[PDB]
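Working notes for the structure below.
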Amino acid sequence: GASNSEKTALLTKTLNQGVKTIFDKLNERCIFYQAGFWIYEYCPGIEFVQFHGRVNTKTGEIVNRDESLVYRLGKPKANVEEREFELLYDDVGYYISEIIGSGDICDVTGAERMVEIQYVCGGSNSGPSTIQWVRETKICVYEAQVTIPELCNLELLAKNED
């Protein structure tokens, strides 16, 4: 390895403060994204599931819930401080990885119903929170990506058009 301490200081800080800032805007209400025919709704440390329906931006709520469309993508924890996260990066920028586990074992292969969530900045100076895309990556694993303005405050997560 050949790296200085400031480099690690900001890497570590970015992971820490990024998560705390995510939780601060998500605290407001849940987020939702219509991925073609399916809708994925993520809440501030409650659960992550996919249901059919529509949303009225005016009110910010779905048409009605759905007890027949049983789905589970993963269940987070209220004690976010205890949950460990990771700081990876891509050609676009750095991001925080949130693996939401506590899923059932998929009989297909014998793997957990967890999901990988990536927190990226949307290159926006303001706004609430929204998702970009969400889909199945493995037999029992899904991948989801959100774009929020507040992550751009962290130098490493700061998009070039913040």
Scaled by the rule-of-thumb 2.2 N^0.38 Å, the alpha carbon Rg for region 55-130 gives a ratio of 1.42
Using only the alpha carbons of the chain, what is the convex hull's orientation-averaged projected area in square nanometres?
11.5
Point-charge dipole on Cβ atoms (K/R +1, D/E -1) for the chain, about Cα centre, debye to 20
300
Treating the angle as unsigned and between 0 and 90°, give the value, to the nearest 10°, between the Cα long axis of helix 5-26 and the longest Cα principal axis of the chain.
30
Quick check for me: using +1 on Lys/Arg Cβ and -1 on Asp/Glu Cβ, what's the dipole size of region 75-162 about its Cα centre, in debye to the nearest 20?
260
Calculate the length of the line joining the C-alpha centroid of region 92-136 to that of region 66-82, in whole Å.
12
Within region 1-55, trypsin sites (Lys or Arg not before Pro) in DSSP loop having at most 16 other beta-carbon neighbours inside 10 Å:
29, 54
Which is the longest part of the chain that has none of the GluC sites (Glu not before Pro) sitting in a DSSP loop with at most 16 other Cβ atoms within 10 Å?
85-154
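Bear in mind that the values in this text are calculations on the coordinates, not laboratory data. Quick reminder, even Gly has a Cβ in these numbers, built from the backbone with ideal geometry, and neighbours come from all protein chains shown.
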